[PDB]
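Counting neighbours? That spans all protein chains shown, and the Cβs are built from the backbone with ideal geometry, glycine included. What follows is calculated from the coordinates using simple rules that are stated; it is not laboratory data.
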Amino acid sequence: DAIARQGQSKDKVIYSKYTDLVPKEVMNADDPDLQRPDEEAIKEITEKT
Amino acid sequence: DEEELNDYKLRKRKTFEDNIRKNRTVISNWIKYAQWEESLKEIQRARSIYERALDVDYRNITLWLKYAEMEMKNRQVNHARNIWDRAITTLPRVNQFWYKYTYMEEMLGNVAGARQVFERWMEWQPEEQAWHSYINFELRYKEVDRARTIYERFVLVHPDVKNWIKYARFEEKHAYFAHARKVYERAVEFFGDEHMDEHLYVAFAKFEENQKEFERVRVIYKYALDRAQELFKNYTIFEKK
Amino acid sequence: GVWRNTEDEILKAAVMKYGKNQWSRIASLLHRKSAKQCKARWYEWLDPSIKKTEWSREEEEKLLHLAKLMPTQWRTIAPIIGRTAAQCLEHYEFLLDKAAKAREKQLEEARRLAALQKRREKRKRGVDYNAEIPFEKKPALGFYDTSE
Amino acid sequence: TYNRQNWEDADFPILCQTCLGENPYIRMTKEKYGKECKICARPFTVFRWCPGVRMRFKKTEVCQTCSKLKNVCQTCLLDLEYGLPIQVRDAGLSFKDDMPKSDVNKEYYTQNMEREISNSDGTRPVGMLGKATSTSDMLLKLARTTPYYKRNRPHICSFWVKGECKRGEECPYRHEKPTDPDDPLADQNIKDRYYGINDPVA
Amino acid sequence: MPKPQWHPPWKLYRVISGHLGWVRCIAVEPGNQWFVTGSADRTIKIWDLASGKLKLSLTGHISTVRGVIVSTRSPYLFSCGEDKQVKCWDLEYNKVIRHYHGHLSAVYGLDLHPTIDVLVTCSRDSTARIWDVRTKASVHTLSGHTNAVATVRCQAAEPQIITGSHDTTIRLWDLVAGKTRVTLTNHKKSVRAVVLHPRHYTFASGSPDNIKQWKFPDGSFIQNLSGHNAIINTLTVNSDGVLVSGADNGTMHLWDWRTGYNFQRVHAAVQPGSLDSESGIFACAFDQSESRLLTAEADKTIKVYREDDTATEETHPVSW
Ligand SMILES: [Zn+2]
Ligand SMILES: [Zn+2]
Ligand SMILES: [Zn+2]
């Protein structure tokens, strides 16, 4: 991955492995992983931006 | 004569830069400029031209191929290794980069550790020619347990009746008859157990006829009971023998 | 309105050079001829798709039938039977009668000779490619290399 | 059609100890986009001050990107660590870095290095400082230790050279004889001093 | 592998005609009273949602109108076209009141921030531009795409700006710095449509190769909705979980969002006098009630689809 990023810092995400290409398993609809970051954090991001 | 050569080189470079500035996306102007710079023995100038062309459009196969070939035609071996590492890490799905990297690091490089580099390609699940060339490369490096793991991962990743037949032939040619019998038993148990392919059973019957004719007759009877015309021909061959 | 064979050969060469839709370009070559005259001469006589053969029985039967149906409309009748209007009209009349680089290189050599004569006796905000690399892009470094 | 050199606007100039003077309290003037850079020709934040009592009102000459690139002073054009010309330091360490001379290539290279520095931490003289780890070969023998204030001396009065300085002792310029014009030490191109090419002091 | 939930199929129930060009974009007013279409007729038509009657027609654009959006928190109508101009119409007087200007080529689409009142436009000069609404000042120029940016999507959560372009790339941008954050290169062909889920913090991208479902904010790959191998021009998602993919060849596919299971293939007919090559979905949108689907077909028609309530689960069983 140090071949992939040259001057870019480690905060920027780079997709390079084969495991980035395989699909994840289909999972539950009611789950906090696939959820919005909720109204107070959206409002804080909105006011900061 | 030196001033005339400098004026000729300046005129050629001015026309090449004007052809680049007129149409940036046309890569043949970049290739002609880089080959003219390499023909005048200016390696770093042609390297800068190739790096500019890759910055313009990195998705072209021929730019990477020509720049790696220009690095390999000179003595810059480590530069060519860096070029191939960048070409692998940007475009993994182009098998020609992998093939030319392995021919460069196997013939000219002569490094066995490039096989570990080759295992990076085994992360990507390539086409079956990569597995066949790696089987023949491990045979050329005289390794049979490594090639057994290679063919086991080939059967697990790309399962086919021809793949299982090649595994049976490789286990027979490597003087491992018990491993060949276990591989044939696993292929009978998994590959086409309910699909009734009637081709791995013929290979198992041929391996048993190489081993013991009673087990070959039993395998031919089981293939005739499970089932085509090839199964009837194998049953007639087992009855005639 | 006469047409010499010399003018016919020149017209054939002009059609084979300039295509079909140009006619004033063709009529520039022919003296005392117009573009409309050239187009009519091509489409009436000199076109190679004109059937310069004899009439068959089927062609004569269709010609007599269509002349019975649509009287004296030969521009309509003629594309049905494949001949032209004049040929089918003449054949119908006959059937009724029967029934009855170096310069730039030389300039560069002269400029080099003048430059050597001035050397023997600004830069216009340009980029000198012979002095250094024009846009130096260094190759990316990684995992190898000991220079040269 | 939308590429041009960005204007370098920043505070806190990078100067030597000698050109900064000796007083701990310095009164300082800043223009936002006052003059152009003497090398890369971009506009930059111009700092001007008097280093002492009878000095010259020295001001910054090159931009902050060029001075951060070659690790030199903005006025003296000498190295911050040693007080030497950059030709001497390049002969000591490495002379394979170089820079383009044509103006379009110089502006393009300066824009690329400015974008590289702005994408970096902000204050680092690229990998050349990584080539500057090996030191004290011979440069520490002739390096100055005392602040040479005689280069902050004011200029020679040209009216006094012709003998017509009517100000007399009121004239802040120097009423003394100049150096020899036949001496080849007196040429001193600024771009030659920055690029380290045929500098007679070096 | 869970069984997908049964969705009732949809049927065409009215066809609206009257445009003299290709209807390129459809937007719905947030109070669900009317909707609005932009065309290649250089006109913008406000249509009644219930009756289907033509309420208003506005001229002023000089080329083909490519994108129309209605502001949810202001009485403004934003229209972008192929004439390199963005127009903010005040609906209060039905007149153009602001001109956002500065794109070098044709603007292919636009989107509004739901909270900040800032505008983002994507154009054919390989750039997106972020404009303050009131001052008409281009506060950012997002660049980095090497080809024309076909579509743009905007959201309140991080990342704010999503761009899909013709060089097979999707860029997840950062709003405050104007720099890209995530680059997704998984598509083989041009990414012509991106759509964001209203509640699951995921999104999907459309290309002629495949449809790809991802996961915010890192853009990690989730699912590969395969099939429907045509030039997909548009993508919309129901709040109930129905994803509609519309293509340039006229075929429409309907999917469950979760399992990625195609449950309906709808290929509508054309206008009475019309070629078979003039069949193509340029845009489609649900209403605010999530019960009417409105498509802008390439035969100068607006086709409106309704749910079929008579169908049940055993009448239309879910395959596998
Ligand atoms: Zn100094
Ligand atoms: Zn400068
Ligand atoms: Zn004086």
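Annotations for the structure displayed:
- Among the residues of region E:189-210, just one is within 13 Å of chain A (Cβ to nearest Cβ) and basic (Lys, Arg), namely E:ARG199.
- Some residue of region D:176-188 being away from ligand 2 (no atom under 16 Å from the Cβ) and surrounded by 15 or more Cβ atoms within 10 Å (Cβ to Cβ): no
- Residues being among the aliphatic types (A, V, I, L, M) and more than 26 Å from D:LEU129 (Cα to Cα) - total across region D:49-83: 2
- Checking B:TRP64 against (1) more than 10 Å from chain C (Cβ to nearest Cβ); (2) not in a helix (DSSP H, G or I), the condition it does not meet: (2)
- Hits in region B:101-128 (condition: farther than 27 Å from E:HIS187 by Cβ and charged (D, E, K, R)): B:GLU105, B:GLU106, B:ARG115, B:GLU119
Condition check ((1) at the interface with chain C (Cβ under 10 Å from one of its Cβ atoms); (2) within 25 Å of B:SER133 (Cβ to Cβ); (3) among the charged types (D, E, K, R)) across all residues:
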| position | (1), (2), (3) |
| --- | --- |
| B:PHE16 | yes, no, no |
| B:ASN29 | no, no, no |
| B:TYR33 | no, no, no |
| B:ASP57 | no, no, yes |
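- Once region A:26-41 is narrowed to residues that are at the interface with chain E (Cβ under 7 Å from one of its Cβ atoms) and under 16 Å from the mean Cα position of the chain (by Cα), the residue that is surrounded by the most Cβ atoms within 10 Å (Cβ to Cβ) is A:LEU34.
- Number of the condition not met by B:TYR167 [criteria: (1) farther than 21 Å from B:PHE137 by Cβ; (2) buried (at least 19 other Cβ atoms within 10 Å of the Cβ); (3) of a type outside the set (A, V, I, L, M)]: (1)
- Matching residues, region D:118-139, being away from chain A (no Cβ under 14 Å) and either over 20 Å from D:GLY92 (Cα atoms) or surrounded by fewer than 11 Cβ atoms within 10 Å (Cβ to Cβ) (or both): D:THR123, D:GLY130, D:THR133, D:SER134, D:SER136, D:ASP137, D:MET138
- Only helices (runs of 4 or more DSSP H) whose full extent lies in region D:31-128 are considered here, and the ones with at least 2 residues that are closer than 29 Å to A:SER9 by Cβ are D:64-70, D:103-118.
- Conditions (1) more than 14 Å from every other protein chain (Cβ to nearest Cβ); (2) within 12 Å of ligand 2 (Cβ to nearest atom): number failed by D:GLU114: (1)
- Qualifying residues in region B:192-223 (those that are of a type in the set (A, V, I, L, M, F, W, C) and within 21 Å of B:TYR176 (Cα to Cα)) - the one farthest from the chain's Cα centre (by Cα): B:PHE214
- Every condition in (1) on the phi > 0 side of the Ramachandran plot; (2) within 12 Å of another protein chain (Cβ to nearest Cβ) is met by B:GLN76 except one, and the failing one is (1).
- Filter pass, B:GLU3 being within 9 Å of another protein chain (Cβ to nearest Cβ), under 30 Å from C:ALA115 (Cα atoms) and surrounded by 13 or more Cβ atoms within 10 Å (Cβ to Cβ): no
- Scanning region C:43-76 for residues that are within 28 Å of C:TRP3 (Cβ to Cβ) and surrounded by 10 or more Cβ atoms within 10 Å (Cβ to Cβ) yields a total of 13.
- Which numbered condition C:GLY126 misses (of (1) more than 11 Å from chain B (Cβ to nearest Cβ); (2) more than 38 Å from the chain's Cα centre (by Cα)): (1)
- Inside region D:60-81, residues that are away from ligand 1 (no atom under 11 Å from the Cβ) and either among the small types (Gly, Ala, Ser) or surrounded by fewer than 17 Cβ atoms within 10 Å (Cβ to Cβ) (or both) make up a count of 1.
- Residue match in region E:1-11 (condition: on the phi < 0 side of the Ramachandran plot, within 20 Å of the chain's Cα centre (by Cα) and surrounded by 14 or more Cβ atoms within 10 Å (Cβ to Cβ)): yes
- When the residues of region D:146-185 are filtered to those that are in a helix (DSSP H, G or I) and within 16 Å of ligand 1 (Cβ to nearest atom), the one that is nearest to the other protein chains (Cβ to nearest Cβ) is D:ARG151.
- Test for D:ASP97: is it within 13 Å of D:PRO125 (Cβ to Cβ), surrounded by fewer than 21 Cβ atoms within 10 Å (Cβ to Cβ), charged (D, E, K, R) and within 14 Å of chain C (Cβ to nearest Cβ): yes
- Condition check for D:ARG4 on (1) within 14 Å of ligand 1 (Cβ to nearest atom); (2) more than 25 Å from D:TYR173 (Cβ to Cβ); (3) among the charged types (D, E, K, R): one failure, at (1).
- Looking across region D:63-99, the residues that are of a type in the set (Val, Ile, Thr) and either within 16 Å of ligand 2 (Cβ to nearest atom) or touching a helix residue (DSSP H, G or I) at 6+ places or on another chain (Cβ under 7 Å) (or both) come down to D:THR65, D:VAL72, D:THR75, D:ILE86.
- Those residues of region D:1-28 which are hydroxyl-bearing (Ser, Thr, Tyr) and surrounded by fewer than 18 Cβ atoms within 10 Å (Cβ to Cβ), in sequence order: D:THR1, D:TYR2, D:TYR25
- Taken as a whole, the structure places D:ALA143 among residues that are over 28 Å from D:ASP11 (Cβ atoms), out of contact with any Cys (no Cβ under 7 Å at 6 or more places or on another chain), within 16 Å of ligand 1 (Cβ to nearest atom) and among the small types (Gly, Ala, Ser).
- Matching option when the condition is more than 27 Å from B:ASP57 (Cα to Cα) and either assigned to a loop (DSSP other than H, G, I, E, B) or within 14 Å of chain A (Cβ to nearest Cβ) (or both), among E:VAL182, E:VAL139, E:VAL96: E:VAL139
- Flag: E:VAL191 does not match the condition of being over 19 Å from the mean Cα position of the chain (by Cα) and in a loop (DSSP other than H, G, I, E, B).
This table checks each residue for (1) within 14 Å of chain E (Cβ to nearest Cβ); (2) within 16 Å of ligand 1 (Cβ to nearest atom); (3) touching a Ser or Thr at 6+ places or on another chain (Cβ under 8 Å); (4) among the aliphatic types (A, V, I, L, M).
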| site | (1), (2), (3), (4) |
| --- | --- |
| D:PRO13 | no, yes, yes, no |
| D:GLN17 | no, yes, no, no |
| D:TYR25 | no, no, no, no |
| D:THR29 | no, no, no, no |
| D:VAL46 | no, yes, yes, yes |
| D:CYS50 | no, yes, no, no |
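- Taken as a whole, the structure leaves D:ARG54 outside the set of residues that are farther than 22 Å from D:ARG151 by Cβ and away from ligand 1 (no atom under 15 Å from the Cβ).
- Options E:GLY227, E:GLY241: the member that is surrounded by fewer than 21 Cβ atoms within 10 Å (Cβ to Cβ), away from chain A (no Cβ under 14 Å) and on the phi > 0 side of the Ramachandran plot: E:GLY227
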